[PDB]
Every structure is written in structure tokens, then in C-alpha cells.
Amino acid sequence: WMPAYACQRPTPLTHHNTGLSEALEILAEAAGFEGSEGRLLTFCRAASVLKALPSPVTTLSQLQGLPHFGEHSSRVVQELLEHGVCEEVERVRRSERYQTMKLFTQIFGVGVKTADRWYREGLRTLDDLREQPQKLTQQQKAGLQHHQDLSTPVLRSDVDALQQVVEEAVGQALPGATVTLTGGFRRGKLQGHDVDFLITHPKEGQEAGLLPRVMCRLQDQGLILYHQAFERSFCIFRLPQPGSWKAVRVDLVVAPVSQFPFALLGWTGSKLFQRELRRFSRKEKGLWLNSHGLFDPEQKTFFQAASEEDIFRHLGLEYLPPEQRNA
């Protein structure tokens, strides 16, 4: 009843087991802070299974047979059902290690390995990081300088205003080029931590050199606070606000139209959905999937897709619209 891959089942944005999935995702996050990507994946998968169930779980017996639910994840659910709280989860929640790792890794430019080094060096606050600016890359400095704004949820009004200015810069840089909203907002989310845009042109090859031209034109309009030939740009915008402005993270990607369905699929997510889809592709169908194409390593050929639907079908998967990819 429950397939093992997240790409084989609908996962809507609103589901019926937020309490259980949120607890399992704390353990997944903590597993990553300690350097166990395997444990992180399992806990993420178990949480995602609960998001795909049609009703709330109220008895431990409702977990029998579900993939990715073993002794550990079942004990967590069990404790939550009986006592409303899981000791392990609360221990992690309150721990200085978890709180400081979450604080540091939330910084744009800081990952687990960087945050772990700083923690081992005794650092605990953002001010501690500001004290010693020599130990900061230019990317981390931008992330730290705009951390407050970047912690404010991005709203749909922000998306619409951002798309207008991106579309204007793109149109000035290359007539006929298009801008597609991707990421969580394409999956139907009402908030987010950034905005993701995918850019192409209907005539293969015309998009060459586009992203630098777009960035220059945004910078000349005073819209760029930070950015780094390139096809992916992880920026921070200076988004006008009534009488003021706020910093917003914006990802711009350029793809040739031949790759557009694969880039759209990859950049629409969710993150777990794409990992599971790529694992399914390779492990179950012997095909290599990424945001550029779908590769057959035996024939040494690429699958010519015209749409996301074509990709799902070539993989033998029932099509899922973006709003059902919230694994």
C-alpha cells in the first residue's frame, strides 16, 4: 500500500502527521550534525512516509509494514503516541550542540563541517563569529551581514515582485528568454527561505552567456547585494519595500531548452523527492538522472524529454504534479 520510494507516492503540502514527522526530522537533522548521512536519510524517509499517509497515526500497529520504519523510528512514534513527547528528541532539542549547530548551519555559506569546527573551537553565537571576521569567506560574511533579513519568511508578494524584476533583466539581456518560478513555491508553498528561478530560451544555444548579462543588469539597477562563465547564481537581492528594503536570497539558473524539463524537475524538488527519484532511476531502471538529462549508460544516449511527464513515463512512474512532490 505504501511504496518504498518517495517518488512513487503523492506527498501533499498539508498532511496528517506533522507532530510525528517533525520529531523524526529533528533526529535526521541531528544525525547530519554528527556526520551520519545514512541515519539522516532514513529518518528523512520515515518522516516522509508519514506525510504520505491518508490519516493521522494514533496506534503503533498502524506502522506495521511501512517502509523505513524499524526499531528506532517506531520507538520514537511509540513514545510520542503514549506520552506526547520523545525523550531522545527533547534531549537533542535542548542540547547546546544541536542549538549551536542549527544556528551556524542556518548561515548562508556555513555547512556542517564548518559549523562543527567552530563549535569545537568554543564559538557559540553569531556575535562570536563577527568578533573574528578573518575566519570568514566572502560568502559567509554576506550571509552573516544579512542573517536577520534572511531569517524572515519570503512571501508570495515578494516572489511576484522579484519575478517582475528578474523578467525585466532577462528580457533586456536576451529577447525571447523566459523565467519560470521553481523551488518550493512551484510546489505550492506559501512561504520560503529563498526564491528559485529557471531561465531558458526556446532556441538552443541562444542562452549561452546569459546569466552574466542578467547579473550585470540587476547589479546596475542596484538590486544585488551579493553574488559570486557560470550557469547557477546564488544571490542576495536588495528587494524594495515600502520606504525601505530587505535582503532576499534568490537562486538563478540558466538551462538550454533541451535540458529544461530536467532542470525544471530537479529545481522543483523537494530535495528528498529528487534524491529518491535519482536513486530509483539508477537502482531500479539503470538510468542516470540529473538536472541536465537522463542517461542510458549502455547505449550511451540521452533521453529526449519535452516535459516532466515524459521523464516520469520513461522511468515507469505515475506522473506527480509539483504539489504532490512535497516528500
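When you see a residue number, it is the position in the sequence shown, counting from 1. Each form is matched to the other, and the largest set of C-alpha atoms that superpose within 1.5 Å is called the rigid core.
- Root mean square Cα distance to the shown form, taken over structures and residues in 8 other deposited structures of this protein after a core fit, is higher for 293 to 301 when 28 to 36 and 293 to 301 are compared.
- Comparing 190 to 198 with 207 to 215 in 8 other deposited structures of this protein, after superposition on the rigid core, the stretch with the greater RMS C-alpha deviation is 207 to 215.
- Unmodelled residues of the deposited sequence between neighbouring positions residue 228 and residue 229 number 10 or more.
- Once the C-alpha B-factors are averaged per stretch, 233 to 241 and 82 to 90 rank with 82 to 90 first.
- Higher average CA B factor: 26 to 34, of the stretches 26 to 34 and 265 to 273.
- The maximum CA B-factor among the listed residues 186, 213, 130, 249, taken from the PDB record, is found at 130.
- In this entry, the residue among 196, 207, 149, 220 with the greatest C-alpha B factor is 220.
- Looking at the C-alpha B-factors along this chain, the one for residue 72 belongs to the highest third.
- When the modelled residues of the chain are ordered by their C-alpha B factor, residue 108 lands in the lowest third.
- Residue 258: CA B factor in the lowest third of modelled residues in this chain (values from the PDB entry).
- Per the deposited record, the Cα B-factor of residue 52 falls in the lowest third when ranked against the other modelled residues of its chain.
- The entry lists a Cα temperature factor for residue 6 that places it in the middle third of the chain's modelled residues.
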